[PDB]
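The structure appears right after this line, and notes come after that.
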Amino acid sequence: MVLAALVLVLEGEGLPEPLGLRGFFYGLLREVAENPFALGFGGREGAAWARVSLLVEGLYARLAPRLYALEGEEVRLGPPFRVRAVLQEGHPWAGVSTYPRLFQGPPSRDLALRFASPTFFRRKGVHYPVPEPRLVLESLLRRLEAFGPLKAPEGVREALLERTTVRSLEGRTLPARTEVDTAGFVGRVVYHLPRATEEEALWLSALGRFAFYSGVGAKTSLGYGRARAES
Amino acid sequence: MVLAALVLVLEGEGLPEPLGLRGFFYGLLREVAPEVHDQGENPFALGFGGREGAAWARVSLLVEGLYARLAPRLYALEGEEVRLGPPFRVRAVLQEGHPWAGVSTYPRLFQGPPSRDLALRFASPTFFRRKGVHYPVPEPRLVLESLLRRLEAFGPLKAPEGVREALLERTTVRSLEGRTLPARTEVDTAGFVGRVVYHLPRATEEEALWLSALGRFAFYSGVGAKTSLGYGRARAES
RNA sequence: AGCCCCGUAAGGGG
Ligand SMILES: [K+]
C-alpha cells in the first residue's frame with residue numbers, strides 16, 4: 001500500500017506549465033495503463049522541477065519505471081526540459097511511504113498546512129478559494145478513503161468535518177491561470193479540532209500526511225492544491 | 001432611522017485596551033441605559049486604533065435612542081480624562097473629519113450604486129461564534145448574515161426571503177488577503193485582519209443594492225462577535 | 001478552544 005511523490009528535477013530555461021505536464025503525464029498513462037495520482041511543479045527559473053504523485057500501487061509499479069527511463073532525456077512540459085533526475089527522496093517535495101505509515105502520529109489537535117500552490121474547490125458549480133476546514137478535510141478524507149485501507153468511523157468523520165475550526169490563517173488568493181475567473185489560496189493555515197479524541201487526532205495527523213501526496217481541492221492534476229503538513 | 005459613529009481623539013500614550021474600553025462604555029450606559037448590557041444583540045459597536053500618541057476610540061450607535069441619550073455625555077468628555085485601560089485625555093469628539101467618524105440614515109444605506117461586488121476591509125481582528133468555539137475565517141455567509149441580522153434588528157426594513165437566500169447562500173469569495181491576529185476577549189482567541197472581495201453572481205439589482213447596503217452598514221455595525229470590544233471593525237472599499 | 005448566560009441552534013451577549 002505504497003504511496004509515492006516522485007520529483008523530476010529539470011534542466012532548461014523557463015518553468016513547467018500545468019497543461020503540458022498533465023498532457024505529458026496522460027501520454028504515459030495511455031502507454032503504461034477520482035484520480036489516483038496528482039501533479040505538481042515548482043521552483044524558480046533554471047531550478048524548476050515537476051512532481052508526480054501516485055496514490056495506488058498499480059500505478060507506482062507501472063509509471064515509476066517509465067519516469068526513471070526518462071532520466072537524461074528531453075521532455076516537453078510546455079517548454080523543453082532535460083530530466084536530470086527522478087527523485088523519491090532528497091527533495092522537499094519527493095517522498096515514498098505506505099498508507100499505514102500515514103497513521104504514524106503523533107496525534108495532534110492541531111494541523112498546520114502550507115498551501116504551496118493556489119488551492120480551490122468545486123462548490124455550487126463554482127470555484128471557491130477559501131480553505132475552510134470542511135473543504136480541506138472532506139477533500140483529503142475522500143481520497144484517503146478512496147485509495148487507502150481505512151474508512152473513517154462516522155463519529156470521527158463528523159468530528160473532522162463538522163467540528164474542526166481554524167486557529168490561524170496567513171495568506172492570499174492568486175489567479176489560477178489555466179482557468180477562467182478562478183482564484184486559489186496560497187499561504188498557511190492551522191486547523192484545530194477541539195475535544196479531539198486520540199483517534200480523531202490520529203485521523204487528523206493522517207490527513208495532514210496524506211496531503212503531501214494527494215494535495216488539496218480541485219484540479220490537482222494541473223498542479224493546484226499542492227500542500228504539505230508542518231510543525 | 002439614524003446611524004452615528006463618533007470618534008474620541010485621545011491624548012496620552014499607548015492604545016485603548018478592549019475590556020477597559022467596553023468597561024468605560026457600559027459605565028456610561030449604567031445611568032441612561034442599563035438594559036443593553038444584557039441584551040443579546042447590541043445596538044452599538046466599539047472600536048479604537050491609531051498609532052501610539054495618536055490613539056482614537058470609537059463609539060458607534062445603531063439606534064436613535066442611544067444617540068440621544070449618549071451623545072451629550074460623550075461631547076461632555078472633551079477636555080477631561082477617561083480610563084480605557086490606560087488613562088487618556090479626551091481631546092475632541094468627532095462626527096466628521098476622521099476616517100472612522102460618520103453619520104447616516106438607514107434609507108441612505110440603500111442609495112447605491114448597487115454592486116455585484118463588495119470589498120470589505122477588516123481593520124481589527126474579526127471572528128465568529130460557532131458551536132461554542134471561535135472561527136476567524138470571514139466566510140461570505142458569516143459576514144453577510146451578521147450584517148444582515150443586525151440591519152433587520154435595528155433598521156426599518158427586512159429583506160425579501162429570496163434576496164436573503166441570494167446574499168447568504170449564493171454569495172462567494174472572489175479574493176482574500178490577510179492574516180489572523182490575537183484577540184483578547186473574556187477568553188483569548190484570534191481573528192482575521194485584511195481584505196476580502198465578495199461577489200454575488202446572477203444578482204438582481206435589488207440583491208445588488210442590499211449587498212451595497214450591508215457593505216455600507218458594516219462601517220457602523222462592524223462584523224462578527226465582540227464588536228463591544230472593538231473587534232470586527234470593518235468598512236467597504238472600492 | 002476555555003467559564004457563565006441567551007438562542008425558530010444559525011449564531012450571539014459578558
Ligand atoms: K449586551
Side-chain angles (χ1 to χ4, degrees), chain A residues 107-112 132-134 137 158-169 189-198 200-201 204, chain B residues 17-30 33-47 60-63 66 85 125-154 158-159 161 164-171 180-192 214 217-218 221-232 234:
Chain A
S108 185
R109 255 156 202 167
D110 295 3
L111 169 61
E132 304 182 356
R134 157 138 220 159
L137 300 182
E158 190 216 314
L160 300 155
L161 311 191
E162 292 157 58
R163 256 236 301 299
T164 295
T165 179
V166 175
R167 173 178 309 262
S168 71
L169 175 137
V189 184
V190 186
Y191 299 83
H192 182 71
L193 176 52
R195 300 291 179 284
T197 64
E198 187 177 0
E200 284 163 4
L204 186 73
Chain B
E17 276 173 3
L19 284 172
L21 170 70
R22 194 176 69 188
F24 170 83
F25 178 88
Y26 279 124
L28 281 171
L29 302 192
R30 193 174 154 95
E35 73 277 1
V36 330
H37 172 275
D38 273 77
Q39 265 168 18
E41 212 137 27
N42 281 338
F44 71 99
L46 301 194
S60 202
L61 308 163
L62 311 184
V63 339
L66 263 192
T126 304
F127 58 88
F128 305 84
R129 280 262 180 111
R130 318 173 90 183
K131 300 200 194 53
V133 145
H134 281 118
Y135 186 68
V137 188
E139 299 176 355
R141 179 182 174 96
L142 287 169
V143 173
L144 300 189
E145 200 173 328
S146 144
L147 286 176
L148 181 56
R149 183 183 73 226
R150 286 164 98 226
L151 198 68
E152 312 208 312
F154 306 118
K158 317 236 227 200
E161 191 248 323
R164 187 171 180 83
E165 273 253 68
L167 292 155
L168 265 66
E169 292 296 329
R170 185 157 53 78
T171 320
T180 48
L181 289 175
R184 187 179 183 188
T185 78
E186 301 80 15
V187 95
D188 291 314
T189 208
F192 186 87
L214 295 176
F217 184 57
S221 74
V223 182
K226 293 295 138 75
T227 53
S228 61
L229 286 176
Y231 292 119

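Order of the sequence lines fixes the chain letters, A, B, ..., with proteins taken first and strands second; residue numbering starts at 1 for each chain. All values below come from the heavy atoms of this structure, side chains included, with hydrogens, waters and symmetry mates left out.
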Nucleotide C:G13, atom P - distance to CZ of B:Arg22 in whole Å
9 Å

Could you work out the separation of C:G2 and C:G14 based on their P atoms and round it to a whole Å?
22 Å

Integer-rounded Å distance: C:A10 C1' and B:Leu144 CG
14 Å

Ring pair (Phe, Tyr, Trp, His ring centres under 6.0 Å) with B:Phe24: which residues, sequence neighbours excluded?
none

Measure distances between side-chain N and O atoms of B:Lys226 and base N and O atoms of C:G12, and say whether any donor-acceptor pair falls under 3.5 Å.
no

Under 4.0 Å, counting only non-hydrogen atoms across every strand here, what does B:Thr189 touch: a base, just sugar-phosphate, or nothing?
base

Can you measure B:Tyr231 atom OH to C:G13 atom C1' for me and round it to whole angstrom units?
16 Å

Residues from residues 35-43 of chain B lying under 4.0 Å of RNA chain C - heavy atoms:
B:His37, B:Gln39, B:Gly40, B:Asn42

Pairwise 5' ranking along RNA chain C for B:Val133 and B:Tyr26, keeping only the more 5' one
B:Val133

What's the CG-P distance between B:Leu62 and C:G13, to the nearest Å?
12 Å

B:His134 has an atom NE2; how far is it from atom P of C:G14, in whole Å?
11 Å

Residues which pass ring pair (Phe, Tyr, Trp, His ring centres under 6.0 Å) with A:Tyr191, listed by chain and number, not counting sequence neighbours
none

In whole angstrom, what separates B:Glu145's CD from C:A9's P?
12 Å

Can you name the residues that form a side-chain contact (heavy atoms from CB on, under 4.5 Å) with B:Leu151, not counting sequence neighbours?
B:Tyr106, B:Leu109, B:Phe110, B:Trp210, B:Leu214, B:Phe217

Is it true that A:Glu200 and A:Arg195 make a salt bridge, defined as a side-chain N closer than 4.0 Å to a carboxylate O?
no

Here the salt bridge (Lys or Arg N to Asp or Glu O under 4.0 Å) pairs for residues 139-150 of chain B, sequence neighbours left out, are B:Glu41-B:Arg149, B:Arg130-B:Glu139, B:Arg141-B:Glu145, B:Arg141-B:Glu169

When rounded to whole Å, the CG to P distance for the pair B:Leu19 and C:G14 reads 10 Å

Side chain to side chain contact (heavy atoms under 4.5 Å, CB included) evaluation trace for B:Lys226 with B:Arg22:
CA-CA 10 Å; B:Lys226 293 295 138 75; B:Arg22 194 176 69 188; 4.0 Å; yes

According to ring pair (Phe, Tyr, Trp, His ring centres under 6.0 Å), who are the partners of B:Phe128, at least two apart in sequence or on a separate chain?
none

Plane angle bin for B:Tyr26 and B:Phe44 - parallel if under 30°, tilted between 30 and 60°, otherwise perpendicular:
perpendicular

Write down the distance between CD (B:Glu186) and P (C:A1), rounded to a whole number of angstrom.
16 Å

Taking for each residue the nucleotide of RNA chain C bearing the nearest heavy atom, is the 5' side occupied by A:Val166 or by B:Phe44?
A:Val166

Please tell me which of the listed nucleotides, C:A10, C:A1, C:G14, lies nearest to the side chain of B:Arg141?
C:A10

With positive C1'-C2'-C3'-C4' meaning north and negative meaning south, how does C:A9 come out?
south

Rounding to the closest angstrom, what is the interatomic distance between C:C3 and C:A9 at atom P?
23 Å

Please measure how far the P atom in C:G7 lies from the corresponding atom in C:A1, and state the result in whole Å.
28 Å

Can you see if the side chain of A:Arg167 gets near the phosphate of C:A1 - specifically, an N or O under 4.0 Å from OP1 or OP2?
yes

Applying a 4.0 Å non-hydrogen cut-off, can you work out what B:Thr185 is touching in the nucleic acid: base, sugar-phosphate, or nothing?
nothing

Once hydrogens and angles are ignored, does a donor-acceptor distance under 3.5 Å link the base of C:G12 to the side chain of B:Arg129?
yes

